[PDB]
Ligand SMILES: CCOc1cncc(-c2ccc(C(=O)NC3(c4csc(NS(=O)(=O)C5CC5)n4)CC3)nc2)n1
Ligand SMILES: CCOc1cncc(-c2ccc(C(=O)NC3(c4csc(NS(=O)(=O)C5CC5)n4)CC3)nc2)n1
Ligand SMILES: CCOc1cncc(-c2ccc(C(=O)NC3(c4csc(NS(=O)(=O)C5CC5)n4)CC3)nc2)n1
Ligand SMILES: O=c1ccn([C@@H]2O[C@H](COP(=O)(O)OP(=O)(O)OP(=O)(O)O)[C@@H](O)[C@H]2O)c(=O)[nH]1
Ligand SMILES: O=c1ccn([C@@H]2O[C@H](COP(=O)(O)OP(=O)(O)OP(=O)(O)O)[C@@H](O)[C@H]2O)c(=O)[nH]1
Ligand SMILES: O=c1ccn([C@@H]2O[C@H](COP(=O)(O)OP(=O)(O)OP(=O)(O)O)[C@@H](O)[C@H]2O)c(=O)[nH]1
Ligand SMILES: NC(=O)CC[C@H](N)C(=O)O
Ligand SMILES: NC(=O)CC[C@H](N)C(=O)O
Ligand SMILES: NC(=O)CC[C@H](N)C(=O)O
Ligand SMILES: [Mg+2]
Ligand SMILES: [Mg+2]
Ligand SMILES: [Mg+2]
């Protein structure tokens with residue numbers, strides 16, 4: 027087996043997960059079966075513990091693993107599906123070792139970081155790297171291990187020590203360390219500052235890992251004198267220092283790695299006998315003259331990364347219909363009349379963006395904060411016939427709203443926002459949380475999503491929800507415009523709903539965005555982009 | 027006595043010397059006598075060893091100390107004149123300790139970093155901090171010590187260890203540590219990254235210095251959540267975290283420190299019973315509608331810091347005449363006909379900037395590289411009557427050119443560029459280098475500079491030159507337009523020259539820029555700005 | 027070329043220089059030309075700056091290099107003669123780099139530890155390792171580099187960083203790191219503590235050097251469980267962990283390294299196609315039934331290392347005559363009547379040891395402290411006919427005393443102790459210090475030392491003295507018992523003196539001990555041991 031460790035210097039946020047994902051897509055293009063492991067050095071067992079504002083979107087796996095958005099980047103760049111244990115954390119490792127200790131598996135010896143935690147990491151990495159994430163029932167050739175955090179993070183040091191040891195088991199033909207670092211430039215008239223990279227590589231070398239590649243992230247291109255200054259002081263050959271400057275689309279980041287000779291490096295070092303899909307997407311993306319203006323009416327909108335998979339699913343869809351996405355990230359609280367009193371300019375800016383909406387997206391979330399502003403946008407979409415996609419909470423809200431405004435059940439709500447709702451239309455219905463892959467069966471042949479999904483009898487999509495439509499109160503909707511077109515395989519759960527009288531007003535109980543890929547846009551997001559540009563009728567006739 | 031140590035985190039280039047200088051100007055405005063010490067952890071004994079491209083302009087002191095540009099920042103923000111030993115270096119400290127060892131001053135004991143190097147640093151700091159740089163024959167109250175480099179620089183660690191000890195001699199009412207750090211933001215839609223500051227303060231605390239203040243440098247203002255994230259993880263109170271964002275003029279950086287409560291901090295902690303000069307310069311600077319376009323025809327143009335004092339002297343002058351400076355930094359190599367062949371677009375851009383020149387500045391330098399381009403600009407200035415200031419080399423070239431073009435001595439040059447010049451007009455004339463403060467006597471009452479300097483019989487200016495006008499060959503100029511208006515007190519050295527037939531064409535052998543202050547622009551730079559805007563005649567009548 | 031770096035862990039004093047010297051003698055026995063370099067990370071330029079109490083005896087080289095006693099260990103274990111620059115120090119390296127900087131040799135670039143100091147170290151090591159110390163005019167095969175101090179010493183870190191780099195120039199077939207560490211055991215009923223060795227190797231690995239061998243120094247043998255505990259936690263194979271316990275003679279330390287497979291390691295790794303001299307000395311040493319009791323009347327007796335070469339020269343001599351040395355180190359201050367008042371028990375113990383003296387040794391030193399006690403012992407030796415060897419100061423005192431007691435010149439002394447001595451018999455006579463190898467010519471054919479030295483016309487011996495016999499005042503001795511048998515080649519300096527009436531009472535102005543080797547005892551020390559056992563007359567007839 028082969029291992030590429032991707033370590034972070036100075037700051038984590040410089041697209042190290044895009045480097046790791048692009049490294050994987052280069053190896054994929056070279057014909058290798060590639061798997062990926064994320065290490066998050068936090069003590070948290072899973073990302074299901076987090077607010078979206080902490081690390082971005084909580085990405086959901088088929089097995090119901092709630093993981094970091096970098097696992098989503100692996101699944102978007104590589105045609106893989108990951109499992110829970112492809113996310114390593116310090117919490118998972120320490121609990122495993124504690125559980126072993128409490129069983130006496132360590133034979134009455136003093137359990138300590140080296141060896142036992144560092145053994146557990148190597149054990150985990152070896153065993154999980156053999157797992158078929160590629161869908162093909164064959165062990166992969168190469169594992170791209172992203173070591174999250176920075177090489178200054180004290181929690182990460184056990185993993186760096188584990189990899190120092192691992193580098194001597196999996197030899198230098200097997201184990202590669204790529205170090206991703208920031209080269210800041212405070213002003214364009216001063217030197218590009220290599221000192222953070224020098225200091226960061228000195229730290230990494232102090233932990234006993236040698237950079238095979240140093241990836242210098244910068245805004246502008248790195249000057250050749252600055253490249254040589256990195257080479258000398260990091261003690262690495264000029265071929266091993268690569269410049270990843272900012273580029274016009276994500277699709278060029280694999281190409282820039284290719285241009286910088288990373289493909290050559292790995293082809294030489296691994297002995298591998300190109301990225302035309304990436305070049306095709308890239309060159310097409312710059313030439314898109316048309317725009318589709320989508321309103322994302324989100325509550326987590328304060329950091330755009332909170333809806334990363336959602337945005338990427340829209341951009342897959344936008345690219346597939348040859349339009350640029352104008353994603354009007356609206357903070358949903360701004361649409362509420364509370365903000366008309368408190369900040370009237372933000373209110374009228376938000377409502378102006380909602381007027382400019384060719385389509386409206388209401389993504390999922392938990393709680394009532396900003397959730398009346400979601401209802402304001404769904405009401406606007408419903409009445410003014412604007413193309414609508416409601417995800418999870420956005421389905422629940424649409425069902426509640428149709429009950430209020432079209433069935434006159436003004437007392438309808440969720441047993442989330444008001445536990446003692448008079449007609450509890452949305453209710454808590456655990457399985458625990460309905461979490462990971464579930465089969466939704468189509469129960470209406472004339473549904474829009476069925477046809478977008480290829481006229482299939484069922485779909486299997488990723489869920490992350492506790493609340494459901496109350497199955498008695500479906501009787502209110504029975505012969506009215508809002509039709510529950512999709513149900514669970516157990517029947518007693520309504521998983522897709524459509525307005526029969528509207529060109530595109532979809533509620534889905536699942537999260538389609540997690541299943542979206544660059545050349546396979548998730549059909550509910552595709553339908554939104556299609557409807558917003560009038561192409562839906564043409565597409566469905568085609 | 028009081029001591030403020032200013033330490034650098036992440037990267038040095040974030041204006042830490044402007045923080046140190048602004049800290050001093052705050053204390054100056056509070057009525058304190060302030061001195062300054064620069065520590066440069068390099069093994070170089072002086073900045074006279076450097077190319078300008080290495081650290082910026084080699085600033086020259088009255089005693090002939092060739093020092094870092096930060097000593098120039100101290101002299102510009104504080105009305106002080108510094109001495110050689112206000113620049114500490116590792117070279118100076120280690121040589122001192124070696125010299126002591128070789129005399130047996132360490133009594134046959136094993137000389138080592140702690141104590142002996144760290145004692146030498148504390149010895150030096152205590153003794154030099156008592157020196158009257160303020161011109162007043164009274165020991166200053168406070169010493170601002172800028173620790174150059176970064177807190178990751180291994181050479182700096184002896185000084186941090188020395189200051190750890192010093193903090194226990196000079197107690198916490200005396201000794202303050204300000205830590206200047208970078209908070210980068212890779213994109214405006216991602217978090218402002220405090221992790222470099224966290225890691226940097228953890229390193230500083232590991233070296234046994236506690237931040238009294240953490241100065242967060244950033245482009246944009248720091249968000250309050252980011253400020254609290256710094257406060258928690260750096261283990262410092264919110265009042266001690268200050269945001270220094272980018273601002274519209276240098277004159278606002280003291281004011282922003284004042285606004286962030288740094289003046290309050292030091293007034294409270296030092297027990298001091300405001301920055302109106304700074305506010306006056308700042309608010310006036312933004313309101314300047316007029317522009318003066320100056321061509322800086324400088325061989326070291328590749329980094330603007332190579333002419334920092336020169337640019338600052340022009341900006342002092344520009345502000346004093348209520349004009350904005352359009353400083354057209356021209357690489358003189360681009361004006362040479364070599365570049366007409368090799369890069370014709372750069373040539374015609376450079377010559378277009380030279381056409382747009384309201385005044386022409388030829389700053390000093392060493393070597394023949396770019397000298398023909400300086401001569402091209404001096405020729406242009408001489409013939410087309412464009413206001414000219416030649417500094418040192420620019421005087422030597424003007425004298426050589428007038429000999430070539432006006433006296434027909436086409437064989438004239440320096441014994442620098444051609445040692446065996448047929449008529450050696452500019453010759454090596456050591457005292458070594460004519461270095462630091464020397465008295466130039468005016469020997470022509472009708473000279474422009476005499477009147478700009480206040481109609482004085484002599485001036486004392488800072489020199490840095492080995493070459494002189496050959497005193498025999500002055501006979502060629504004797505009765506012609508180019509008059510040697512200023513000479514040394516020894517007579518045998520020509521130190522200022524003027525074209526009598528030109529509105530402003532000045533050669534000075536000294537560097538006037540080192541003596542320039544914000545409310546006292548150096549008169550040769552003032553005369554250039556005045557001549558370039560026609561105001562010179564009005565000023566000299568006034 | 028090949029390089030063995032010998033690095034110190036926990037504490038320096040565990041015989042790391044004996045490991046380095048024994049490593050060299052193993053390679054010597056394998057037929058290699060071996061040179062040695064000592065690095066002392068102190069800022070001191072030479073050991074001539076030190077008191078003997080600081081680091082032990084200041085060993086003197088042929089060129090007049092005053093160096094550490096470890097250079098003496100190299101010269102005793104290897105048949106080499108070293109030069110000044112085989113002692114590297116931080117002082118020497120930093121001064122060299124400063125001198126280069128001041129000449130502009132670093133081309134105006136910022137001089138700093140990495141690269142420039144670490145380059146200077148590698149430069150020095152490469153160039154000095156090519157030097158023929160072996161007397162044969164051929165470059166040696168292997169350089170044993172002892173890195174002095176500990177791997178915790180901050181001054182040493184530049185050398186460890188230099189060797190990290192050097193390990194990548196001189197590859198792993200060329201460059202070996204041996205780490206010498208202490209494994210303490212607080213009581214025999216508790217575990218042998220490997221944690222200092224674990225922590226020390228973790229530090230060394232953090233500096234980027236991997237132990238090829240870990241030498242565990244201990245009192246008792248290392249237990250196999252403790253050896254495995256070192257192996258696991260230091261991350262090294264059991265063959266690379268060696269136990270060097272305490273052994274009955276120095277001659278067994280090469281043999282114990284051989285037994286532990288260090289000879290096998292280097293024979294395998296270097297590809298070399300045994301230590302019988304060492305075994306012969308060792309096995310003979312344990313079987314010596316006879317004892318020779320020598321009084322060493324030395325002012326520096328407080329640390330025995332202050333007379334290391336002297337003690338080793340006596341032990342070479344003792345072994346050569348098949349006697350054990352009872353070296354009665356007497357602090358000469360105890361023989362003085364001052365101590366009869368202040369500490370009468372020490373006085374009578376010292377005088378009892380002087381009564382038990384089969385021979386008396388008065389080693390060299392500087393200053394009047396303990397000189398009266400040396401004179402007391404010389405008086406005792408002179409009158410009671412006890413075999414005497416006076417080295418340098420011991421010659422000067424013997425000449426002064428014979429003048430006082432036998433010529434009645436009671437006013438005689440040195441212009442060291444009393445500058446204004448009435449008859450200045452011992453005077454300052456610089457060449458500075460008469461330092462290193464000088465030719466002493468024999469000028470009396472019937473002298474004892476001439477015959478001990480093989481009946482040679484002259485000898486060349488190592489000197490370290492400023493004072494001489496005043497050549498006029500030789501007229502007092504002219505026809506009396508004290509004959510100046512040896513003079514310098516310049517004649518005007520008396521370098522050996524003998525009492526013609528005494529069986530062995532020798533003053534030598536040089537230090538014979540520095541020239542002494544295990545199978546070539548220095549003849550003045552041999553003559554002392556021979557005279558003290560009556561064998562001198564037999565030897566001189568033989
Ligand atoms: C080392 C990184 O350095 C640099 C340097 N320069 C630029 C970027 C860069 C980073 C992120 C983005 C981005 O997020 N763009 C979007 C998108 C569409 S599809 C997708 N990702 S994806 O589906 O996982 C799979 C197909 C790729 N992202 C539109 C939203 N665009 C540019 N990154
Ligand atoms: C912690 C620093 O943070 C920030 C934040 N925002 C902005 C700046 C900033 C830094 C440098 C400059 C600058 O160099 N400006 C010029 C000038 C004129 S006078 C002088 N300096 S001076 O004479 O020493 C004495 C009077 C002050 N400089 C025009 C050339 N302008 C802005 N610095
Ligand atoms: C890694 C070291 O571990 C251990 C373990 N166990 C024991 C010792 C040990 C260390 C020093 C001594 C010592 O100094 N002994 C003496 C002597 C005679 S000759 C000479 N040295 S020598 O001439 O340089 C060359 C011929 C060798 N020394 C009598 C004075 N004896 C034993 N060292
Ligand atoms: O204020 C000062 C004083 C001294 N120095 C010293 O100058 C040398 C270079 O320090 P720099 O920070 O310029 O580092 P560099 O050129 O190696 O890396 P980048 O600029 O690309 O980030 C180091 O030895 C440092 O301590 C400064 O950087 N700044
Ligand atoms: O890729 C990953 C995985 C895990 N983590 C982990 O998340 C935690 C926060 O890591 P951050 O880099 O977000 O740090 P911070 O929020 O304290 O500081 P700034 O963003 O302002 O720079 C740390 O425990 C780290 O190891 C990541 O940062 N990124
Ligand atoms: O007082 C205590 C508590 C705990 N421990 C813990 O026990 C473990 C072993 O700590 P030891 O000091 O016994 O180390 P070791 O056995 O690896 O090495 P030596 O004894 O040969 O020197 C470590 O994890 C330490 O923190 C103690 O050593 N002592
Ligand atoms: N994923 C979501 O949008 C969650 C919706 C809702 N709070 C539930 O748990 O059903
Ligand atoms: N300061 C300068 O411009 C130097 C000018 C010239 N090279 C000299 O040495 O005189
Ligand atoms: N080496 C010695 O014993 C020194 C003796 C005496 N102090 C001198 O300087 O000559
Ligand atoms: Mg730099
Ligand atoms: Mg963060
Ligand atoms: Mg133990």
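Protein chains in written order, with my numbering: chain Z, 27 to 568; chain X, 27 to 568; chain E, 27 to 568.
The C-beta atom is built at its ideal place from N, Cα and C for all residues, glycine as well.
Helix, strand or coil for residue i per DSSP?
i                      : result
residue 557 of chain X : helix
residue 543 of chain X : strand
residue 77 of chain E  : coil
residue 538 of chain E : helix
Quick one, which of the options has its alpha-carbon nearest residue i's?
i                      : options                       : result
residue 417 of chain Z : Z/389, Z/406 and Z/395        : Z/389
residue 385 of chain X : X/355, X/364, X/126 and X/441 : X/355
residue 66 of chain X  : E/122, E/80 and E/137         : E/137
residue 487 of chain E : E/313, E/521 and E/563        : E/521
Using a Cβ cut-off of 8 Å (strictly closer), state whether residue i contacts chain E.
i                      : result
residue 178 of chain Z : no
residue 232 of chain Z : yes
residue 142 of chain X : yes
residue 190 of chain X : no
For chain Z, check one thing: does any of its Cβ atoms lie closer than 8 Å to the Cβ of residue i?
i                      : result
residue 208 of chain X : yes
residue 217 of chain X : yes
Chain E contacts from the segment 28-39 of chain Z (Cβ-Cβ distance under 8 Å):
none
### ligand 7 site residues, beta-carbon cut 5 Å against heavy atoms
Z/390, Z/392, Z/418, Z/419, Z/490, Z/491, Z/492 and Z/493
Note to self: Please enumerate, following chain order, all residues with a beta carbon closer than 5 Å to at least one heavy atom belonging to ligand 4.
What the structure shows: Z/217, Z/219, Z/220, Z/221, X/38, X/66, X/67, X/68, X/174, X/175, X/179, E/136 and E/138
(message) Output needed in chain order: residues of the segment 70-84 of chain X with a Cβ under 8 Å from some Cβ in chain E.
(response) 70, 71, 75, 76, 77, 80 and 81
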